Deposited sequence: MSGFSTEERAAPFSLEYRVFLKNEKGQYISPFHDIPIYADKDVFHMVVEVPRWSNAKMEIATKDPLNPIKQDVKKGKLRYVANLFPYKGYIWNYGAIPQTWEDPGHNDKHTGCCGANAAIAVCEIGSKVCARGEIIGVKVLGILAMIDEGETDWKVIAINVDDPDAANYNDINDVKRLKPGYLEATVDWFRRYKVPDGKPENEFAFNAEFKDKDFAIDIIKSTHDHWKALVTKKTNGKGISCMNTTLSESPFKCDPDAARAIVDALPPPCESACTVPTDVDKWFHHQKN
């Protein structure tokens, strides 16, 4: 049902690896700017950057042309989040709501923790029902196609039907760099504000702070570029490669809290 797909260049977990998005006509688009914020009435789009229980720290490249998903790097080394006991990797499908900007502000699209049972793929586009927000801002949402989605309509339903998950969400974000929740309407207000900031970004009303705003579908954006011309950004990179690189065994360490 998603009218989107990915084009993966170079092997996963290499320095060259990039994940580009494509619309239903096979045109390369930016997941940051070209995917509409809404998938349908009361349903937001979510770009999945990291599947639940994975470790590779991948995210929309805010400064690169067409903003592909790529892995974070510090000091020439590819980055992976730690396993914080008792968790394995990211405890939720994690990603961003497109066409939002936390104007500096984290200088990126607003982040979403998506709590449903399906493990989504990197670069998968889904629809989510917003349930709340943790304060930078972490939206709490559920895949609208979850078999149980109708039971979740505000933040207290998470407490009711997924006990412990909110406390673990806070615990994870708290311990994360060591090597409270507002409700649906509040969350939607915050999201709509970040969408307005994004509008100012892509119409060049405000300084972009190095964000790459090139897009291929926004007719009212001066950054819109010709789709065929923009295909060269992807075609110039190494071709898709099926064999992923090995993850360093170091990544499997559990970190315990004293």
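Comparing the deposited sequence with the modelled residues shows gaps at 105 to 114, 146 to 152, 197 to 208, 288 to 289, with numbering starting at 1.
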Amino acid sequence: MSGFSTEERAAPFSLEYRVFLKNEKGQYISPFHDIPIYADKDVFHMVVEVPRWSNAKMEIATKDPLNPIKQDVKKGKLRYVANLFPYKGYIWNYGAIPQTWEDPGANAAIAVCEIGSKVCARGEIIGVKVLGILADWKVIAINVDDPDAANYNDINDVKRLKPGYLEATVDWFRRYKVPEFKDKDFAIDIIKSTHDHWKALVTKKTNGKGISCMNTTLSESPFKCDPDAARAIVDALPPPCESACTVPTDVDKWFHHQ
From here on, numbers count along this sequence of modelled residues.
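Higher average CA B factor: 185 to 193, of the stretches 59 to 67 and 185 to 193. For the pair 88 to 96 and 169 to 177, the mean Cα B-factor is higher in 169 to 177. The top Cα temperature factor in the record, among 116, 127, 105, 123, falls on 105. The PDB entry gives the largest Cα B-factor of the residues 46, 233, 225, 29 to 225. Among all modelled residues in its chain, residue 135 ranks in the highest third by Cα B-factor.
The PDB entry assigns residue 144 a C-alpha temperature factor belonging to the middle third of its chain's modelled residues.
In the PDB entry, residue 215 places in the middle third of its chain by CA B-factor. In the deposited entry, the Cα temperature factor of residue 21 sits in the bottom third of values across the chain's modelled residues.
Residue-level temperature factors show residue 150 in the highest third of its chain, judged at the C-alpha atom.
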